[PDB]
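Participant: Structure below; questions to follow.
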Protein chains: 4
Amino acid sequence: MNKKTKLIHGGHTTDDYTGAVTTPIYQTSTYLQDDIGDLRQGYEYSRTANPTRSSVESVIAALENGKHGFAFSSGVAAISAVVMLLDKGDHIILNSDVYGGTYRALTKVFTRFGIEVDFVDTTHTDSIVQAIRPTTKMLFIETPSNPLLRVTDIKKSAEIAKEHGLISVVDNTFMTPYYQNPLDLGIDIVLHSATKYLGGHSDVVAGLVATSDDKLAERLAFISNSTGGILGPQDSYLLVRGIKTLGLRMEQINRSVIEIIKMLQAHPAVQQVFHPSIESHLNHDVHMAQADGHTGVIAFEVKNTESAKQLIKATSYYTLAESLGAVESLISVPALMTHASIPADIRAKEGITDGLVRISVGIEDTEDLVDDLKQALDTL
Amino acid sequence: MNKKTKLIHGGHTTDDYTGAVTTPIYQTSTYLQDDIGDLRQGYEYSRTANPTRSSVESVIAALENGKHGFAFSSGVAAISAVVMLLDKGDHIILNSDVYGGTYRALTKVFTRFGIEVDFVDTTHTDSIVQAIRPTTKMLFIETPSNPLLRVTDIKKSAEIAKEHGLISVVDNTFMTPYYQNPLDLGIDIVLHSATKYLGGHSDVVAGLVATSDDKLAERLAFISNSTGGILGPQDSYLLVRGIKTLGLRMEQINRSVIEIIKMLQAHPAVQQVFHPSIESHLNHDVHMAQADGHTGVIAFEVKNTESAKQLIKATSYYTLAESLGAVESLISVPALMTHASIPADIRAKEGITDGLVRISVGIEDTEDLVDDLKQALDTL
Amino acid sequence: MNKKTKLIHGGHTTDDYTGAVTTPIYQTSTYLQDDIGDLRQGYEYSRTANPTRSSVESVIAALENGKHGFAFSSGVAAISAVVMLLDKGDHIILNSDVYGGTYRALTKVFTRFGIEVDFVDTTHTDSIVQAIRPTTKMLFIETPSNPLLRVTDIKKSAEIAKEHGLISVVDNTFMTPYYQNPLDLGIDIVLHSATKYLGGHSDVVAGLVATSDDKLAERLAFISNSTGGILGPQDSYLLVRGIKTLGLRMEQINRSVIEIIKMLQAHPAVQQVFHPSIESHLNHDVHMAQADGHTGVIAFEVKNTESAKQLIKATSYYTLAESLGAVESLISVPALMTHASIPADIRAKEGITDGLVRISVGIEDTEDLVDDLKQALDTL
Amino acid sequence: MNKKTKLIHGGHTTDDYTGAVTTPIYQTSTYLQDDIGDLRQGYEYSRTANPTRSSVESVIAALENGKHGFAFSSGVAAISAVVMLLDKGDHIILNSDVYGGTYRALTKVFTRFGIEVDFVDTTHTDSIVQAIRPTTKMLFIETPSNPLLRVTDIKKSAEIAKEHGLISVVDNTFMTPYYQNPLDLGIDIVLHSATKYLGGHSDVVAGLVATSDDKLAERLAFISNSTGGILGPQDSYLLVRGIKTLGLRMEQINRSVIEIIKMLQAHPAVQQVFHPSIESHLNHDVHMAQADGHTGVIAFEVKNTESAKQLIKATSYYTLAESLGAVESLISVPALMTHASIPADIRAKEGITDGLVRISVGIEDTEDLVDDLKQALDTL
């Protein structure tokens, strides 16, 4: 199947029993047994397995070309289950600018269980190699990252991990399985905040994990059954439903990204623009070799906090909110929202100025989105 | 408010905006901000807070006479969040017969993070005192326990915990807040598998935690936001809805329990009957001092595995399934289902014979339930 | 099965395929066919049939001791489908005080299709006989009625209908199948606003119809498939779920009704009290012969509009709202809400004074409900 | 707004109260009133109005450039409400090949209420004029029609209706508001089976109606409130959600239609192909003047029943089922499914041969869909 066909027919999303062309919502906690231990269709207790959740798990496995899928109550729960593959005394390497929620969990929760963490500039793979310790067991990378869209070489990271005996993990949220497939590049585990593009409609919080490794899958299943951060059946259904349109949504988003970037690069009120499609973006070549499309997150700098605040008030179609990947276009200012707890001098050295604006391109008309942002910039 | 009124009007379960008499289902992931950092009603991102989940959290806090409530994707997720209050090097004491899911998580997951566990016969409080170590930080008890309904003195456990500097935790699933309120007896944290009685309809998997301690609540909120085992909005709504009838359901269940036990005690095919209402049950007096009603779980022994298997096939109204607390009556054989991985000789020393049958009394007609089980026993 | 057992095990509310102990929610519109015309489980298109809707239809048929059940998008849709059994030129007799929504549909919609209607005092069965015309085809009665709880003799009405060649219909909303079963008394069709007691939680709008007559059922099915006022699958699920607790809810409501009426009859600020349990209520004897319990709707008179308005502001547990049958107690003033379009002089001749208050007793604690209403009355 | 922007931001689909970027699901039946008759936000009883249903009503009004929208429990319920604008003695003109469900309701239900119907070949507007009677009050047309995609001139029909004093109605299901807007061409009422393209995911049954005429809207609202075929809140939410991707879905469908038709026209096993894009299709010019895109329904003839049956078994990506407009491609044989009750000789004179196959193009990859159908045809 080509990609758009796989989004409709990959995995198991119909009812074998009635023929229903959509996955029934099994709002149930337990299953009758005909004889003790005799499970009619392999279900016994919804925390261990639920048919609607099993459907979305089969879909993400299919879309990432993995064997096993797992659905969690949030992206953070997916990350937590993966980190729980490790033991006290183990060390993990992550990219320097990792999601604030990943950063928080690792430095404030899992350090109390003896997991040690280092945040490394993974855009230079030599810095990965230099950071590996005897106790390192995992390499965890996002690419592209937030909010500056830094790109990390997935295939090289997978090779480094294999050579040094590490479990490799990619957070593939920003690219989605439609454009980037880490498992095909040798990564062990791929994961997503399905809250973003996969659900696509700003109406489900969910995490998804996929792997082809049977032993890691058994370990993940045991962690899931033992710590219980499972996705419910209604959210599993809405996620399956949202994924159906993923290809069309990302293709529209990508058309708009191209034109929006052109407008931003020409606008006199905009300084730097950050997106992996830009020729001068660091590791642009790496991104084009490992992905066949782009994320809809773009960041760009205006002069100062006052210009960013006024830019947002002047748009018609950009919704001021957290999150990304929705059908509606979204806008934020990282220094005031996500990164406000970081001292301003450190933020700036990290490349996040007070005037940095982040947008998540939605599926509105491309000309409307370009013209709306351009006229708002014109007021600065 | 008396208890039945509190189930309807405790907490916040209406919509201030429209006046809707039920909690709207906020199937949403993010919230528009008018100005940066200006939250219209305090919501910014559904993982951190969602109005439907906030509703069920307010209800469980009210019903347990606590200040703060937390809703998780499963009972196991609630337990995991509570255990994560501890650090590597800390020790926890739990009752000897704790739920297999609690047992699994603690011995196979959290031991890998340096949490050490001892399982103690908490029906004698001197055994609790004798087990406390310098590194003990938590005392976790279920009462009554599964499947033999062992009773632990909550008030004495709370006093021991306070004197020895331990966080006390009670799993109150089997009694519900309608009959037993550990926080009022000095316990620090109370938790539930809301999958069971609270939801009540076999159609939600969920965990709930309540506490009056502001600092423990801040620690729990941070763990929840960082590990993300949150309950979704549809499941939160169904849980709120199910809780409305909790008092009526438990009162019907309790009427049937009395008559069923009378019939079991007189039946020649039944040996021991286990339930805290029975006069000869160990710590019967303790149970009646700390609870004003009973659980609907009853266990009783028939001769052997063959008699239990045939008892189940002979009933009309008892559904062979895992779980408990449903409107439908349920039946199981622990030695073949929940405890089958435990060597048979150890099972028996633990008091679980091959002929032990567990029932969860539902809300069917009392005479029907008594007569159905009695005639099935008559076939043995 | 006794009544409480029938509410749990009557009809088909489990999944044969997985063993799920609750009805799956088939949020689907169409069904795969293996061969043309070969329906895997008899489903082809959800408007014609949907498994979740089929579940609630089987339940209402079971509870009313009928053969065929039908689920509609509202009580009004159920009534409309039943009236559509008739042709232009046909006449229908209804009780004099029929629900305003029934009254509206018949006099303003169906009269335009040539259906003629007369509203008769059916509390005297001779007035029914005197109203029958050559073209009369249907006798439609509510008992008890709203808001004065007038009682009509069901068995005599069924006999009159049979002798005169009429289809008999009872709106059984206020009594529910738990206490009154018109089909067992010879009535042809029974119907409900399932929005009220059956759903029970103020969170579903729905209608239900049951009959034992195969030919009327075929006519109803054809009307349903042709005019399409079908109940959706999520609402069908919530209705099935709510019905599980109907017996317990009505028994608690009935205990409170007895005590509330005692308090109202003794209170010096209350004049007449209207409820079929009252010895002096017209056709009290008829009600006790055809029902084995009571409705939770009670009406009572205070002095004037000012006393009713102030009574409502003074209660703690009575919610000012339309509808009835909820777990929360509700209060209204018919002259200001439901009947405000009727000239005040006609309202009074109909027995509805400006001071008439209607309450719907919920499942709060009986003492709380009695004391709350009594102290509010004390302020008058 | 351009069309793709209107699908995201037209109507009201956010929560003013919390800022939630999606419409909350108001699973509720009634609303608290602060003072008698004082509605906090204009809601009193969900049958009369529900905020989630009000959201989808605002969306369809926006997308059709109307003032008022109405949401019904099915397309058939929408049609029934519109027909109920008429009285006994009135006559309606409809296209000769109108949907079997419309045909059934009109000829078997509404004729019993004195509504008279004539089915006219509306592809020649002179046949419309010749059919108008003194009692004609309504002209109802589908364009394109099923299964032969016959095209009727909307603007001319609107002019004829205006001149002759008729209410004009277009069933716009097959084109959707994305490509054809009857209200802008002078039609009085537009309606949809939202079960098809608008929901788009084969998981909601729903009807929608829009109009700009205030008096017709008041009449429709009264009919809706009186006959109660209302869409529930969960289905209203899923419909709003599905509509977000309508533009992207229809654009992908249209790209595939072009290539599929090219392949069908060249295939030696295919005789006639029916679709309005084809140059030789009757009223092709009319269609291109009144629509700016195409439907995804295509019909084409193979030799006989045996070739159609074997064509279907030989495809990989075409699901044998009723309905259309889904993300998955669908296939059917009208003579065996929808039209099997029509004598075969009449079917053929109506242009429906035993070998006529209907497909509904979904959003799978265009090359996959073309190649799959072409190789299946190659087996004939």
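Participant: State all residues of segment C:158-195 that are crowded, with 24+ Cβ neighbours inside 10 Å and charged (D, E, K, R); if no residue qualifies, say none.
Facilitator: Listed by number, the list holds a single entry, C:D171.
Participant: Go through segment D:98-139 and count every residue that is in contact with a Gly (Cβ under 8 Å, 6 or more places away or on another chain), among the polar types (S, T, N, Q) and without any contact (Cβ under 8 Å) to a residue 40 or more places away in the chain.
Facilitator: Number satisfying all stated conditions: 0.
Participant: Now, a different point. Just checking, how many residues over segment B:212-267 are under 19 Å from B:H294 (Cα atoms), polar (S, T, N, Q) and within 18 Å of the chain's Cα centre (by Cα)?
Facilitator: 2
Participant: What number of residues in segment A:247-275 are within 12 Å of chain D (Cβ to nearest Cβ) and not polar (S, T, N, Q)?
Facilitator: Residues in segment A:247-275 being within 12 Å of chain D (Cβ to nearest Cβ) and not polar (S, T, N, Q): 7 in total.
Participant: Can you pull out the residues in segment C:266-308 that are touching a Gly at 6+ places or on another chain (Cβ under 9 Å) and free of Cβ contacts under 8 Å to residues at least 12 places away in the same chain?
Facilitator: Once the filter is applied, which keeps residues that are touching a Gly at 6+ places or on another chain (Cβ under 9 Å) and free of Cβ contacts under 8 Å to residues at least 12 places away in the same chain, segment C:266-308 yields only C:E306.
Participant: Quick check on segment A:196-204. Is at least one of its residues in contact with a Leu (Cβ under 7 Å, 6 or more places away or on another chain) and among the hydrophobic types (A, V, I, L, M, F, W, C)?
Facilitator: For segment A:196-204, residues in contact with a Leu (Cβ under 7 Å, 6 or more places away or on another chain) and among the hydrophobic types (A, V, I, L, M, F, W, C): present.
Participant: Further question: Tally time: how many residues in segment B:74-101 are within 15 Å of B:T135 (Cα to Cα) and among the acidic types (D, E)?
Facilitator: Residues in segment B:74-101 being within 15 Å of B:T135 (Cα to Cα) and among the acidic types (D, E): 2 in total.
Participant: Filter segment C:70-90 down to residues that are crowded, with 19+ Cβ neighbours inside 10 Å, farther than 20 Å from C:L148 by Cβ, out of contact with any helix residue (DSSP H, G or I) (no Cβ under 7 Å at 6 or more places or on another chain) and of a type outside the set (S, T, N, Q), then give me how many there are.
Facilitator: 4
Participant: Take the residues in segment B:310-328 that are within 8 Å of chain A (Cβ to nearest Cβ) and without any contact (Cβ under 8 Å) to a residue 24 or more places away in the chain; name whichever of them is nearest to C:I243 (Cα to Cα).
Facilitator: Kept after step one, since they are within 8 Å of chain A (Cβ to nearest Cβ), are these residues of segment B:310-328: B:312, B:319-323, B:326.
Among the residues that remain, those that are also without any contact (Cβ under 8 Å) to a residue 24 or more places away in the chain are: B:319-322.
On the way: B:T319: 19, B:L320: 22, B:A321: 22, B:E322: 23 Å.
Out of the qualifying residues, it is B:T319.
Participant: Next up: Restricting attention to segment A:348-366, which residues are among the charged types (D, E, K, R) and free of Cβ contacts under 8 Å to residues at least 12 places away in the same chain?
Facilitator: Once the filter is applied, which keeps residues that are among the charged types (D, E, K, R) and free of Cβ contacts under 8 Å to residues at least 12 places away in the same chain, segment A:348-366 yields A:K349, A:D365.
Participant: Follow-up question, since we're still on this one. Residue by residue through segment D:237-248, note down the ones that are within 24 Å of D:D188 (Cβ to Cβ) and assigned to a loop (DSSP other than H, G, I, E, B).
Facilitator: Once the filter is applied, which keeps residues that are within 24 Å of D:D188 (Cβ to Cβ) and assigned to a loop (DSSP other than H, G, I, E, B), segment D:237-248 yields nothing.
Participant: Could you tell me whether any residue of segment C:117-128 is of a type outside the set (D, E, K, R) and over 29 Å from C:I298 (Cα atoms)?
Facilitator: no
Participant: Are any residues in segment C:326-340 surrounded by fewer than 19 Cβ atoms within 10 Å (Cβ to Cβ) and under 18 Å from the mean Cα position of the chain (by Cα), and if so, which ones?
Facilitator: C:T338 - this is the single residue of segment C:326-340 that is surrounded by fewer than 19 Cβ atoms within 10 Å (Cβ to Cβ) and under 18 Å from the mean Cα position of the chain (by Cα).
Participant: Mind listing whichever residues of segment D:300-309 are of a type outside the set (A, V, I, L, M) and within 11 Å of chain C (Cβ to nearest Cβ)?
Facilitator: D:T305, D:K309
Participant: Select from segment C:45-60 the residues that are surrounded by fewer than 24 Cβ atoms within 10 Å (Cβ to Cβ) and among the β-branched types (V, I, T) and list them in ascending order.
Facilitator: The one that is surrounded by fewer than 24 Cβ atoms within 10 Å (Cβ to Cβ) and among the β-branched types (V, I, T): C:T48.
Participant: Among the candidates B:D97, B:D153, single out the residue that is of a type outside the set (A, V, I, L, M, F, W, C), out of contact with any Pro (no Cβ under 9 Å at 6 or more places or on another chain) and farther than 21 Å from B:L246 by Cβ.
Facilitator: On the way: B:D97 fails: out of contact with any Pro (no Cβ under 9 Å at 6 or more places or on another chain).
Within the list B:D97, B:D153, the selection yields B:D153.
Participant: Check whether at least one residue in segment A:207-221 is farther than 15 Å from A:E57 by Cα, buried (at least 24 other Cβ atoms within 10 Å of the Cβ), within 13 Å of another protein chain (Cβ to nearest Cβ) and of a type in the set (K, R), and report yes or no.
Facilitator: The answer is no; no qualifying residue exists.
Participant: Please go through segment C:225-236 and pick out each residue that is more than 7 Å from every other protein chain (Cβ to nearest Cβ) and either crowded, with 24+ Cβ neighbours inside 10 Å or outside any helix (DSSP H, G or I) (or both). Give the steps one after another, and end with the answer.
Facilitator: Going through segment C:225-236, the residues more than 7 Å from every other protein chain (Cβ to nearest Cβ) turn out to be C:225, C:231, C:233, C:236.
Scanning segment C:225-236 gives C:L231, C:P233, C:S236.
Participant: Name the helices (runs of 4 or more DSSP H) wholly within segment D:1-111 that hold at least 2 residues that are at the interface with another protein chain (Cβ under 7 Å from one of its Cβ atoms)?
Facilitator: So the answer is D:3-9, D:75-83.
Participant: A further question follows. Could you list, in sequence order, all residues of segment B:342-376 that are of a type in the set (S, T, N, Q), within 14 Å of chain C (Cβ to nearest Cβ) and touching an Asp or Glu at 6+ places or on another chain (Cβ under 7 Å)?
Facilitator: B:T366
Participant: Could you look through segment A:17-44, keep only residues that are surrounded by fewer than 24 Cβ atoms within 10 Å (Cβ to Cβ) and closer than 18 Å to B:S74 by Cβ, and pick out the one that is nearest to the chain's Cα centre (by Cα)?
Facilitator: Per the stated criteria, the residue is A:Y43.
All of the numbers you see were taken from the coordinates with simple rules; none came from a lab. Don't worry about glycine lacking a Cβ; one is built from the backbone with ideal geometry, like all the others, and counts go over all protein chains shown.
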